[PDB]
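Asker: To start, I am sharing the structure in question, which I have written as structure tokens.
What follows draws every value from the coordinates through simple rules; no lab data is involved. Note that we place each Cβ from the backbone using ideal geometry, even for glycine, and neighbour counts take in every protein chain shown.
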Amino acid sequence: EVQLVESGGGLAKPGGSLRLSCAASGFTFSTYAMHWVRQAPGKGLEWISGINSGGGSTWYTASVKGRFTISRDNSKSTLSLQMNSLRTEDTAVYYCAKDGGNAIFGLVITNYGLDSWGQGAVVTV
Amino acid sequence: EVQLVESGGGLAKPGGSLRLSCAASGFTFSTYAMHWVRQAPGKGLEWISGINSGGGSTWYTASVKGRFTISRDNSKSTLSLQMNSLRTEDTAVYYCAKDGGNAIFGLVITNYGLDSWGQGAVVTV
Amino acid sequence: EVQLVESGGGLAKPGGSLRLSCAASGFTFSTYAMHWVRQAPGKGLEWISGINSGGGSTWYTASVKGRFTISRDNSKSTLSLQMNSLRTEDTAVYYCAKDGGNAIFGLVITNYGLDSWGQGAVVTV
Amino acid sequence: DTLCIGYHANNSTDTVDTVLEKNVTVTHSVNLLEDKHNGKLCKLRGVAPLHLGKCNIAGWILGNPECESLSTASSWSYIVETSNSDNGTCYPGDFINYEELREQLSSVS
Amino acid sequence: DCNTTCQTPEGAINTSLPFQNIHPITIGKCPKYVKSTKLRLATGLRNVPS
Amino acid sequence: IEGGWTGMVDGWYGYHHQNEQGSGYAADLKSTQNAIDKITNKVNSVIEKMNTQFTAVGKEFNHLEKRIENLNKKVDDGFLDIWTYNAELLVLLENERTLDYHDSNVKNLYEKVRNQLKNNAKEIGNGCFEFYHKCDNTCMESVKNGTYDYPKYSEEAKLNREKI
Amino acid sequence: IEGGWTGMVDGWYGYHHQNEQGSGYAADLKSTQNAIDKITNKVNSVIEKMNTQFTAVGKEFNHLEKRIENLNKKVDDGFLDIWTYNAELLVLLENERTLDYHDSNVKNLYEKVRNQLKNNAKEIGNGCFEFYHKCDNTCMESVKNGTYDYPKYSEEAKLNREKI
Amino acid sequence: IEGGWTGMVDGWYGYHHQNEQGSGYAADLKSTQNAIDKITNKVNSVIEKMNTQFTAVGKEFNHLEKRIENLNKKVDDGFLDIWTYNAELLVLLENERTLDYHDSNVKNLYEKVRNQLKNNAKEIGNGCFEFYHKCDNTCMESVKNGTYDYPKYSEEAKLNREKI
Amino acid sequence: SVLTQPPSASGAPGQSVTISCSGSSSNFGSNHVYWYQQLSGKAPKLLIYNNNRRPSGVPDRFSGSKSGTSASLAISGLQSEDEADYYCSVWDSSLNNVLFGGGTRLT
Amino acid sequence: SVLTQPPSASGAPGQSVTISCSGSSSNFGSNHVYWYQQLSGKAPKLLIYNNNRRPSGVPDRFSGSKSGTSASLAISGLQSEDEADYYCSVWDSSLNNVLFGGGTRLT
Amino acid sequence: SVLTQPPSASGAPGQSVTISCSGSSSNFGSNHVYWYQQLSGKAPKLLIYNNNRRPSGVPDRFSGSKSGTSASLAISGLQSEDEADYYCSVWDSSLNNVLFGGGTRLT
Ligand SMILES: *[C@@H]1O[C@H](CO)[C@@H](O[C@@H]2O[C@H](CO)[C@@H](O)[C@H](O)[C@H]2NC(C)=O)[C@H](O)[C@H]1NC(C)=O
Ligand SMILES: *[C@@H]1O[C@H](CO)[C@@H](O)[C@H](O)[C@H]1NC(C)=O
Ligand SMILES: *[C@@H]1O[C@H](CO)[C@@H](O)[C@H](O)[C@H]1NC(C)=O
Ligand SMILES: *[C@@H]1O[C@H](CO)[C@@H](O)[C@H](O)[C@H]1NC(C)=O
Ligand SMILES: *[C@@H]1O[C@H](CO)[C@@H](O)[C@H](O)[C@H]1NC(C)=O
Ligand SMILES: *[C@@H]1O[C@H](CO)[C@@H](O)[C@H](O)[C@H]1NC(C)=O
Ligand SMILES: *[C@@H]1O[C@H](CO)[C@@H](O)[C@H](O)[C@H]1NC(C)=O
Ligand SMILES: *[C@@H]1O[C@H](CO)[C@@H](O)[C@H](O)[C@H]1NC(C)=O
């Protein structure tokens, strides 16, 4: 059973900056891609951003381009999501999740999706 | 049975210009090369010029270089031979003929020769 | 049985120049590399220099670089070793020898070594 | 601004053989040879095979007294015996065309 | 008590590979018997240390 | 393209980027997917083409019928030799072709990158490229995807190259 | 060299020319002839090497001789499996090699043209060439035949290229 | 690389040098050694993989047992045909692959030399190189060994090239 | 592209219910789909994997299918604990984004 | 290169006649040859194809052969209608031209 | 690299003697070794070829071996004529030179 720890939530004024930290254990963090997905209070899910297993490939949606930054460290098995120019719409619960890996001749092919979720960090503006 | 129609003959003064038209039916005109061959009155045959099945390759003899022009249209299945700077030696009967095609793996390889001849157009100077 | 003839020995003053000639018979001189090896009077052997079977590859030791020159002629089956800036240490008996050839698919691969030696030419300074 | 083109590598020590070189290390290899067996006689075509370790086909079909305890199966896929198949024809004799009968009894619907 | 497609006397073989080197005597839709002991297809890249 | 990369575990072929916005490795989706599909098809073709029928290898014979037993042994030995020789040759040829195909894929990717830029990146000789003009994450993504625009950065690359 | 050409039916490989004197397609005689000869030799070698002898496949046997019938069935099944596997592998390998050979021929023709000119034609990237200097039918024929003279038009090509 | 060389009998692949210090041919040690090792391994693999067993081909039969004799003849003919076809195909494929490998080795050596120099040698088109800067025996040895230093002679090569 | 789902679903206990997911034909057909289940105030858990399979711990009563551009999730043996929200997730390469539906309420 | 033919040929009806065609060894051997028949004031028709074959409608009595640099056309069962002119055609790659002979008269 | 040999060797007639040759591990192991015999005032002749073989005319009593970085030459059936000098020759690619030992005296 994989374990995910999420931290960095709290209250931030509009127009400020915030940092979220995700730690993973129980699996090789350098062989599986990661995703940050937000959920509005009382609404449905909303995928936000993601990063490849080996890094070097950051995927963002149209509403977060130029605003959110993703940085992963495989040595520490840590993931940092930096948010800038916060808005009232940013108030939601964020989840850090791993991706699915297809085993093809010993190679882990990234499949767009989430297998195991984290716990959820509430961010209010 | 293929059908060939030749036109454009007549009397032209020396130093003038003339046009000959060849129309083909009963076979794909774009997959077989064409040849114009002249015959002097009372003498033997004399190959004049030719053009490839797909065009782009015009073959002329030393006595017609810079004087005769060949233009073929596959859409109309027509062939035009333009003669300039006519001489008294040009008086002869011209024939428009198709070439031989070797079937090699569905490809038509041009073989230097004439299978079916036309009818003959008399040009006098 | 191969035959080797060595010539060009004698007495030369220090700081002068000398030439040694090696002739071979009984084998193809153009398919086997050659070596010149010196031996001090009363001491052990000392490899001096060598040249490839097809030429184009001259091998010298650190003590002879810039001093000895090797030139072979396959048409005459002759080898010339030119020595310049002679010293008292050069007094020794020189031997011209052929190399070993490994037969690999009709190809003669040069092997570092000597199969048949010459006779020996004494050079004194 | 540095861009490089490389290829995947890992700690795998699998060895493959080529016509130009041998024992070349590759990232992954696929085995086409099976050297592992379950070590147990399973059923073929979903039909239980007959086990005759303590008897023989000649002793089974002829109703040898030592083979009375053996059960009769409605259908089987193949016949299995063992080395200690000493209980065949108790009365000495020659079984003419024994091999053909043995072959015909391998699989009965 | 098991179901398989190939029944080698040493033991049952349940697989889909075309070659087997356990025993030449086989019953059923068994793979062909090969005297070799190592048949591996190289599908990945040539692994080299760096 | 001398030494291998242990930092890329999401694709056989890929690139490594490093700029002011970070660094990392990224596998090329199209080429890796095509290579995976072709290798999988090759393996499936090799495995599947072995047609199998319900047979019973091994026939018992009497002592008198030793000639038929010898004939059966000869047939079995011939089949074994043919299968062993064919399998060994097939394995060797397939391994050689797969290695050559991987090398060809790497060379084709390098040639595609060089053809796409052709002036914008100085070549070091080890397969790496040094961009004369400033390149961001968007530029790297465009280069990897194959939609790089030559005239957009050609002027900047020329200006940077003429500096030295 | 992305899309195929339907206007050339006189050769697998060829060129397309277009100048003030007209336009058209022309197959390269030497390369097409060599490819045709090699493919024909390959087909003839594949067909001919199947040595055939006057045989009678299929032997009838009595009910008692069921062992010999089973042996014959096993031999026939083994021959059938060997032939099917070998034929499938041969067909796949030959098709792959033929496709690779055709691609190599196209690449070799392109490289030969580029080596012949090396400065005279701007490359568009789709396999086409744009001549800086004026080229007539004679120039096109010389380029296709392989007897193009570099210094004859090098000055004109340089003058046209330096204009931009 | 049009005509062969009869002056080099110490290696399949090699170079020819000629300068003020003399002239000759010199085989490249590393490439020739690798090619020899690979060819030897190929030959050893082809010869060795033929597994052989103590067998007795040919069985005598009585006049009555003509069916078994016909079966033996059919088995022998099938084995002969399979072996002949497989051997012919293997020989043809191996010869083609060896010729292609030799051509690839020559092309790789040429590309390696050109990549090592890239400006220092004018190309004649026949595989030869003309050094702009003065080159001695040490320079030729460095080029052949692969340890040629670009900036050491780059200035001299540029100065000589700008003369014309 | 956008994803549309029914606002809610209903079903008596012990029966079977069906949830439909639809999207653009360009990306839905080429890529795969995923069905996720989220409880009330709990972390969502994956249910449908690779359009045919399910992760460990998922009961076999759940089933999934994909025909044309429409994905169907079938739930059998409905229980009180099964009452939860369900989400449909796809991937789009034209925008290079993971698209999630508005959610479905089961009761 | 040039092509030479006999000025005329003669033969009694019902017999066989032979026509010879010669040319340069460089091009005649490598390429193929063709024999054409032309009537009096009529369009010529091909007779010999690929040095061994004939087109449809040509009687089997005609035969052709090519030995060394010399081509031979043999006519058997000579008839009144067979009296016509015959021409020899080759191709030259050095000049890249189709060469025709001076013609032969059969009587 | 340098080559070291014993200054001299001794042995009664009819017995066997051993000569040892040592060198740098980098080049000795990769390349081969050769043992040469030189008489008093005579041209040296090769004895050991390819570390295992000998040229024609060499008696079978001589033997050679190479273990690790050490080469051993064994002489059996020692005779009066066998009294001669012996040399060890290797090749070095780091310096690209043929290295010879100091020589061994047998008595
Ligand atoms: C069935 O097989 C068993 C074992 O082979 C036979 O046991 C024999 O037992 C006696 C004494 O108990 C021994 O002296 C014999 O040597 C045993 N036989 C053998 C072959 O070793 C038993 O007799 C057999 N029964 C029948 C009916 O054949
Ligand atoms: C590579 O390392 C992993 C780490 O767990 C290990 O499981 C694997 O066995 C290693 N590979 C080899 C070939 O030993
Ligand atoms: C390859 O490895 C096997 C493993 O024992 C060994 O027997 C064989 O000699 C090796 N071959 C080479 C060429 O190193
Ligand atoms: C054989 O066993 C397997 C696994 O137990 C089972 O799936 C299969 O249905 C069985 N076959 C028959 C015919 O019962
Ligand atoms: C037998 O092999 C098949 C694949 O060929 C596999 O699906 C099945 O689970 C295997 N059965 C057993 C009992 O291992
Ligand atoms: C990336 O490439 C794909 C096809 O290769 C294309 O459809 C897409 O527009 C490209 N993206 C960008 C940003 O150019
Ligand atoms: C065309 O090429 C052939 C050989 O390839 C040559 O003999 C001929 O002279 C060339 N023609 C011209 C006009 O250069
Ligand atoms: C020649 O190359 C080898 C390795 O290829 C290297 O070790 C050696 O130093 C080189 N020699 C020179 C003089 O550069």
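Asker: So the check is Cβ under 9 Å with 6+ separation or different chains; which pairs have a first residue in the stretch D:63-89 that's farther than 27 Å from residue E:28 by Cβ and a second one that's within 16 Å of ligand 2 (Cβ to nearest atom)?
Answerer: Final answer for the pair search is none.
Asker: If you don't mind, another one. Within the stretch D:42-75, work out how many residues are in contact with a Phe, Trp or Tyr (Cβ under 8 Å, 6 or more places away or on another chain), away from ligand 4 (no atom under 16 Å from the Cβ) and in a loop (DSSP other than H, G, I, E, B). Walk me through how you get there before you give the answer.
Answerer: Our first condition is that a residue be in contact with a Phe, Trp or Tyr (Cβ under 8 Å, 6 or more places away or on another chain); within the stretch D:42-75, this holds for D:44, D:47-50, D:52, D:58, D:67, D:70.
Applying the additional criterion that residues be away from ligand 4 (no atom under 16 Å from the Cβ) yields D:50, D:52, D:58, D:67, D:70.
Filter again for in a loop (DSSP other than H, G, I, E, B), leaving D:52, D:70.
The qualifying residues number 2.
Asker: From (1) part of a strand (DSSP E or B); (2) more than 10 Å from every other protein chain (Cβ to nearest Cβ); (3) touching a residue at least 60 places away in the same chain (Cβ under 8 Å); (4) not β-branched (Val, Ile, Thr), pick out the condition that doesn't hold for residue C:79.
Answerer: All conditions are met except number (3).
Asker: Still on this structure, I have one more. Is it the case that the stretch F:110-129 has a residue that's within 30 Å of residue D:25 (Cα to Cα), loosely packed, with under 15 Cβ neighbours inside 10 Å and among the β-branched types (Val, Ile, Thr)?
Answerer: yes
Asker: Name the single residue, out of those in the stretch D:1-26 being under 30 Å from residue F:21 (Cβ atoms) and within 16 Å of ligand 2 (Cβ to nearest atom), that is surrounded by the most Cβ atoms within 10 Å (Cβ to Cβ).
Answerer: Step one: filter the stretch D:1-26 for residues under 30 Å from residue F:21 (Cβ atoms), giving D:1-10.
Restricting the remaining residues to those that are within 16 Å of ligand 2 (Cβ to nearest atom) gives D:8-10.
Details: D:8: 26, D:9: 23, D:10: 17.
Per the stated criteria, the residue is D:8.
Asker: Follow-up. Out of (1) within 15 Å of ligand 5 (Cβ to nearest atom); (2) within 30 Å of residue E:49 (Cβ to Cβ), what's the single condition that is false for residue D:23?
Answerer: Failing condition for residue D:23: (1).
Asker: Looking at the stretch D:6-57, which of the residues that are of a type in the set (S, T, N, Q) and touching an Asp or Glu at 6+ places or on another chain (Cβ under 6 Å) is farthest from ligand 1 (Cβ to nearest atom)? Can you show your working first?
Answerer: Let us first name the residues in the stretch D:6-57 that are of a type in the set (S, T, N, Q), namely D:10-13, D:15, D:18, D:23, D:25, D:27, D:29, D:31, D:38, D:56.
Going one step further and asking which of them are touching an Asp or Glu at 6+ places or on another chain (Cβ under 6 Å), we end up with D:18, D:29.
Numbers: D:18: 55, D:29: 49 Å.
Filtering first and then ranking leaves D:18.
Asker: For residue A:25, all conditions in the list (1) away from chain F (no Cβ under 13 Å); (2) among the hydroxyl-bearing types (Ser, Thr, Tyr); (3) in contact (Cβ under 8 Å) with a residue 60 or more places away in the chain hold save one; what is the number of the exception?
Answerer: Unmet for residue A:25, out of (1) away from chain F (no Cβ under 13 Å); (2) among the hydroxyl-bearing types (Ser, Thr, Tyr); (3) in contact (Cβ under 8 Å) with a residue 60 or more places away in the chain: (3).
Asker: Kindly indicate whether any position in the stretch C:49-56 is loosely packed, with under 14 Cβ neighbours inside 10 Å and either over 20 Å from residue H:23 (Cβ atoms) or small (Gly, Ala, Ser) (or both). Break it down stepwise before answering.
Answerer: Step one: of the stretch C:49-56, the residues loosely packed, with under 14 Cβ neighbours inside 10 Å are none.
The answer is no; no qualifying residue exists.
Asker: Please work out which residue is nearest to ligand 1 (Cβ to nearest atom), limiting yourself to the stretch G:122-149 and to residues that are among the aromatic types (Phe, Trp, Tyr) and closer than 30 Å to residue F:113 by Cα. Steps first, please.
Answerer: Start the filter on the stretch G:122-149 by keeping residues that are among the aromatic types (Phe, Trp, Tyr), which leaves G:129, G:131-132, G:148.
With the extra rule that they be closer than 30 Å to residue F:113 by Cα, the set shrinks to G:129, G:131-132.
On the way: G:129: 91, G:131: 98, G:132: 100 Å.
Across the stretch G:122-149, the extreme among qualifying residues is G:129.
Asker: Which ranges mark the strands (runs of 3 or more DSSP E) fully within the stretch A:28-68 that have 3 or more residues being aromatic (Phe, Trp, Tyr) and more than 10 Å from chain F (Cβ to nearest Cβ)? Before the answer, list the steps.
Answerer: On the way: elements: A:34-39, A:45-51, A:58-60.
By residue number, no strands (runs of 3 or more DSSP E) qualify.
Asker: Of everything in the stretch J:73-99 that's hydrophobic (A, V, I, L, M, F, W, C) and crowded, with 20+ Cβ neighbours inside 10 Å, which residue is nearest to ligand 3 (Cβ to nearest atom)? Lay out the reasoning, then the answer.
Answerer: Our first condition is that a residue be hydrophobic (A, V, I, L, M, F, W, C); within the stretch J:73-99, this holds for J:73-75, J:78, J:84, J:88, J:90-91, J:95, J:98-99.
Of the ones still in play, those that are also crowded, with 20+ Cβ neighbours inside 10 Å are J:73, J:75, J:88, J:90-91, J:98-99.
Details: J:73: 68, J:75: 73, J:88: 67, J:90: 61, J:91: 58, J:98: 63, J:99: 64 Å.
If we take residues in the stretch J:73-99 being hydrophobic (A, V, I, L, M, F, W, C) and crowded, with 20+ Cβ neighbours inside 10 Å, then J:91 is nearest to ligand 3 (Cβ to nearest atom).
Asker: If you don't mind, there's one more thing I want to ask. Kindly indicate whether residue D:17 is within 7 Å of another protein chain (Cβ to nearest Cβ) and within 16 Å of ligand 3 (Cβ to nearest atom). Give the derivation first.
Answerer: On the way: within 7 Å of another protein chain (Cβ to nearest Cβ): yes; within 16 Å of ligand 3 (Cβ to nearest atom): yes.
Criteria met by residue D:17.
Asker: Follow-up. Mind checking whether some residue in the stretch H:44-55 is away from chain D (no Cβ under 14 Å), at positive phi and more than 16 Å from ligand 2 (Cβ to nearest atom)? Full working, then the answer.
Answerer: So in the stretch H:44-55, the residues away from chain D (no Cβ under 14 Å) come out as H:50-55.
If we keep only those that are at positive phi too, we end up with none.
Checking the stretch H:44-55: not a single residue is away from chain D (no Cβ under 14 Å), at positive phi and more than 16 Å from ligand 2 (Cβ to nearest atom).
Asker: Sticking with this structure for a sec: What number of residues in the stretch D:27-41 are within 16 Å of ligand 4 (Cβ to nearest atom) and either crowded, with 19+ Cβ neighbours inside 10 Å or of a type in the set (A, V, I, L, M) (or both)?
Answerer: We begin by selecting, within the stretch D:27-41, every residue within 16 Å of ligand 4 (Cβ to nearest atom); these are D:38, D:40-41.
Keeping just the survivors that are either crowded, with 19+ Cβ neighbours inside 10 Å or of a type in the set (A, V, I, L, M) (or both) gives D:41.
Within the stretch D:27-41, residues that are within 16 Å of ligand 4 (Cβ to nearest atom) and either crowded, with 19+ Cβ neighbours inside 10 Å or of a type in the set (A, V, I, L, M) (or both) number 1.
Asker: Given the conditions (1) touching a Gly at 6+ places or on another chain (Cβ under 9 Å); (2) surrounded by fewer than 20 Cβ atoms within 10 Å (Cβ to Cβ); (3) on the phi > 0 side of the Ramachandran plot; (4) without any contact (Cβ under 8 Å) to a residue 60 or more places away in the chain, which single one is not true for residue C:43?
Answerer: (3)
Asker: For the stretch B:95-108, name all the residues that are part of a strand (DSSP E or B) and away from chain J (no Cβ under 12 Å).
Answerer: Residues of the stretch B:95-108 part of a strand (DSSP E or B): B:95-98, B:100-104, B:107-108.
Passing the criteria: B:103, B:104, B:107, B:108.
Asker: Restricting attention to the stretch D:4-13, does a residue exist that is within 30 Å of residue F:98 (Cβ to Cβ) and aliphatic (A, V, I, L, M)? Before the answer, list the steps.
Answerer: Of the stretch D:4-13, the ones within 30 Å of residue F:98 (Cβ to Cβ) are D:4-13.
Filter once more, so that each one left must be aliphatic (A, V, I, L, M): D:5, D:9.
Checked the stretch D:4-13: at least one residue is within 30 Å of residue F:98 (Cβ to Cβ) and aliphatic (A, V, I, L, M).
Asker: Tally time: how many residues in the stretch E:3-34 are crowded, with 16+ Cβ neighbours inside 10 Å, aliphatic (A, V, I, L, M) and over 13 Å from the mean Cα position of the chain (by Cα)?
Answerer: Adding up the residues that qualify gives 1.
Asker: Taking the conditions exactly as written (among the β-branched types (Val, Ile, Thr) and out of contact with any helix residue (DSSP H, G or I) (no Cβ under 7 Å at 6 or more places or on another chain)), does residue F:55 satisfy them or not? Even if it seems obvious, please write down each step before you answer.
Answerer: Working: among the β-branched types (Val, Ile, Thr): yes; out of contact with any helix residue (DSSP H, G or I) (no Cβ under 7 Å at 6 or more places or on another chain): no.
Taking the combined requirement at face value, the residue does not satisfy it.
Asker: Residue D:30 - would you say it is within 16 Å of ligand 2 (Cβ to nearest atom) and aliphatic (A, V, I, L, M)? Give the derivation first.
Answerer: Numbers: within 16 Å of ligand 2 (Cβ to nearest atom): yes; aliphatic (A, V, I, L, M): yes.
Against the criterion (within 16 Å of ligand 2 (Cβ to nearest atom) and aliphatic (A, V, I, L, M)), residue D:30 qualifies.
Asker: Run residue I:70 past the list (1) of a type in the set (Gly, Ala, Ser); (2) loosely packed, with under 11 Cβ neighbours inside 10 Å; (3) within 23 Å of residue A:100 (Cα to Cα) and report the number of the one that doesn't hold.
Answerer: Unmet for residue I:70, out of (1) of a type in the set (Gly, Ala, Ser); (2) loosely packed, with under 11 Cβ neighbours inside 10 Å; (3) within 23 Å of residue A:100 (Cα to Cα): (2).
Asker: Among A:86, A:107, which is surrounded by 21 or more Cβ atoms within 10 Å (Cβ to Cβ), over 16 Å from the mean Cα position of the chain (by Cα) and either of a type in the set (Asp, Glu) or over 17 Å from residue I:98 (Cα atoms) (or both)?
Answerer: Numbers: A:86 fails: surrounded by 21 or more Cβ atoms within 10 Å (Cβ to Cβ).
Just one listed residue meets the conditions, A:107.
Asker: Can you tell me how many residues in the stretch D:32-71 are polar (S, T, N, Q) and either within 16 Å of ligand 3 (Cβ to nearest atom) or at the interface with chain E (Cβ under 8 Å from one of its Cβ atoms) (or both)? Break it down stepwise before answering.
Answerer: Going residue by residue through the stretch D:32-71, those that are polar (S, T, N, Q) are D:38, D:56, D:64, D:69, D:71.
Then keep just the ones that are either within 16 Å of ligand 3 (Cβ to nearest atom) or at the interface with chain E (Cβ under 8 Å from one of its Cβ atoms) (or both); that gives D:38.
Adding up the residues that qualify gives 1.
Asker: Can you pull out every residue in the stretch B:110-125 that is without any contact (Cβ under 8 Å) to a residue 60 or more places away in the chain and touching a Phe, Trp or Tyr at 6+ places or on another chain (Cβ under 7 Å)?
Answerer: Step one: of the stretch B:110-125, the residues without any contact (Cβ under 8 Å) to a residue 60 or more places away in the chain are B:111-113, B:115.
B:112, B:113, listed by residue number.
Asker: Take the residues in the stretch G:123-164 that are acidic (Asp, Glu) and outside any helix (DSSP H, G or I), then tell me which one is nearest to ligand 4 (Cβ to nearest atom).
Answerer: As a first pass, look at the stretch G:123-164 and keep what is acidic (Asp, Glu): G:123, G:130, G:136, G:141, G:149, G:155-156, G:162.
Then drop every residue that is not outside any helix (DSSP H, G or I), which leaves G:123, G:130, G:136, G:149, G:162.
On the way: G:123: 62, G:130: 67, G:136: 78, G:149: 78, G:162: 79 Å.
It comes out as G:123.
Asker: Does residue C:38 fit the bill of being of a type outside the set (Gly, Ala, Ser) and farther than 19 Å from residue H:9 by Cβ? Give the steps one after another, and end with the answer.
Answerer: Working: of a type outside the set (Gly, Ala, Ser): yes; farther than 19 Å from residue H:9 by Cβ: yes.
It is true that residue C:38 is of a type outside the set (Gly, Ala, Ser) and farther than 19 Å from residue H:9 by Cβ.
Let's see how each residue does on (1) within 16 Å of ligand 4 (Cβ to nearest atom); (2) in contact with a strand residue (DSSP E or B) (Cβ under 6 Å, 6 or more places away or on another chain); (3) in contact (Cβ under 8 Å) with a residue 12 or more places away in the chain:
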{"site": "I:49", "(1), (2), (3)": "no, no, yes"}
{"site": "I:55", "(1), (2), (3)": "no, yes, no"}
{"site": "I:65", "(1), (2), (3)": "no, yes, yes"}
{"site": "I:72", "(1), (2), (3)": "no, yes, yes"}
{"site": "I:78", "(1), (2), (3)": "no, no, yes"}
{"site": "I:82", "(1), (2), (3)": "no, no, yes"}
{"site": "I:85", "(1), (2), (3)": "no, yes, yes"}
{"site": "I:88", "(1), (2), (3)": "no, yes, yes"}
{"site": "I:102", "(1), (2), (3)": "no, no, yes"}
